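Peer 1: What follows is a structure written as structure tokens; I'll ask about it next.
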Amino acid sequence: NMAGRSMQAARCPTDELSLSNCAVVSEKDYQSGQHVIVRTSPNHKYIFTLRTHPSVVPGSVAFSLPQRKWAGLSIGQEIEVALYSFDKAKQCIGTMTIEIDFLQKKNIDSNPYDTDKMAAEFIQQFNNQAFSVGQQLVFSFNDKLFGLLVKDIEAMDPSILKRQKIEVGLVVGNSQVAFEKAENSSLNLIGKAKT
């Protein structure tokens with residue numbers, strides 16, 4: 000796994016896993032929580048955090064539609080996957096800016112959405128996972144689906160006992183998230199976790 004191995008891209012097994020933004024794998028190949036770099040070509044590499052599920056066939060990695068559309072993956076294609084280790088002294092996320100909008104135009108409404116509650120739920124759901132600038136994913140908040148786009152990521156400060171922009175980082179328990187609606191969005195955001 001450290002050297003990297005060939006795998007086949009598959010479809011995400013459950014709706015719940017689809018919302019986790021994790022790449023899903025067999026317990027026979029990896030352990031949940033590990034991170035990997037997925038290679039589709041010399042110029043295209045993407046970092047994902049893994050979660051196991053009993054239904055995944057060994058030798059394959061399952062991705063959700065949003066992940067497939069961001070990394071440019073096709074079901075059934077061959078990919079190379081290698082274990083990735085973050086340098087936590089430099090890559091833990093201090094602040095991240097995320098563009099948000101309703102995922103389904105059918106379900107758009109003018110009601111207020113509390114960004115402070117959204118930011119808290121975001122951390123509760125994605126802590127200890129990799130995010131890259133430009134990455135697209137879906138976020139379920141209060142039974143409503145939203146589309147997210149990572150616009151910016153800044154590394155965290157050292158602890159008290161002891169701002170750089172980064173392309174990829176690890177969301178941790180004390181990371182801060184700020185939301186901004188997409189241009190021409192009718193999304194009504196309230197609260198202080200904005201901009």
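Numbers 0 to 161, 169 to 201, taken from the deposited numbering, label the letters of the sequence shown in order.
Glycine is no exception: its CB is placed at the ideal position from the N, C-alpha and C atoms.
Can you list, in chain order, the residues of its chain with a C-beta nearer than 8 Å to that of residue 166? Leave out the 5 residues immediately preceding and following it.
Peer 2: Coordinates for residue 166 are lacking, as the chain steps from 161 to 169 with nothing built in between.
Peer 1: Can you give me the C-alpha to C-alpha distance between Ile107 and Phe145, rounded to a whole angstrom?
Peer 2: For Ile107 and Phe145, the distance between alpha carbons rounds to 10 Å.
Peer 1: Going by C-alpha to C-alpha distance, which of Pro41, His43 and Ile36 sits closest to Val60?
Peer 2: Taking only the C-alpha atoms, the option nearest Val60 is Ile36.
Peer 1: Use the C-beta contact count for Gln76: other C-beta atoms within 10 angstroms, 16 or more gives buried, fewer gives exposed.
Peer 2: So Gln76 ends up on the exposed side.
Peer 1: Strictly by DSSP, which residues pair up with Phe101?
Peer 2: Answer by DSSP bridge pairing, in chain order: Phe145.
Peer 1: Could you tell me which uninterrupted alpha helix (DSSP H) segments, each at least 4 residues in length, are contained entirely in the region 55-119, listed from first to last along the chain?
Peer 2: Taking only runs of at least 4 residues, the alpha helix (DSSP H) segments lying wholly in the region 55-119 are 64-70 and 87-90.
Peer 1: Tell me, please, whether the region 91-106 touches the region 10-29 by the rule of three or more beta-carbon pairs shorter than 8 Å.
Peer 2: Taking 8 Å as the limit for Cβ pairs, the verdict is that the region 10-29 does not touch the region 91-106.
Peer 1: Which residues does DSSP list as the beta-bridge partners of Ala154?
Peer 2: The partner list for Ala154 (beta bridge, DSSP) reads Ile92.
Peer 1: Spatial neighbours of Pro57 within its chain, please: CB distance less than 7 Å, with the 5 preceding and 5 following residues excluded, ordered by chain position.
Peer 2: Excluding residues within five positions, the ones whose Cβ falls inside 7 Å are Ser25, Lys27 and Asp28.
Peer 1: How about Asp156 and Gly93: are their beta carbons less than 8 Å apart?
Peer 2: Result yes, Cβ atoms of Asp156 and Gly93 sit closer than 8 Å.
Peer 1: Leaving out the 5 sequence neighbours to the left and right, which residues in its chain are closer than 8 Å to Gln90 when beta-carbon positions are compared?
Peer 2: So the list reads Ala154, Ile172, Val174, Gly175 and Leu176, once near-sequence residues are dropped.
Peer 1: Go to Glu15, then tell me how far its alpha helix (DSSP H) extends in each direction, as first and last residue.
Peer 2: Unbroken alpha helix (DSSP H) run through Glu15: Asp14 to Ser19.
Peer 1: Compare the C-alpha of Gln134 against each of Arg67, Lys161 and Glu120 and name the closest.
Peer 2: Selected option, being the one with the closest Cα: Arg67.
Peer 1: In whole angstroms, what separates the C-alpha of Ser192 from that of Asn0?
Peer 2: Distance between the alpha carbons of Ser192 and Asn0 is about 45 Å.
Peer 1: Under 8 Å by Cβ, that's how I've got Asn20 and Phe125 pegged, so tell me the actual separation to the nearest angstrom.
Peer 2: Contact holds; Cβ gap of about 6 Å.
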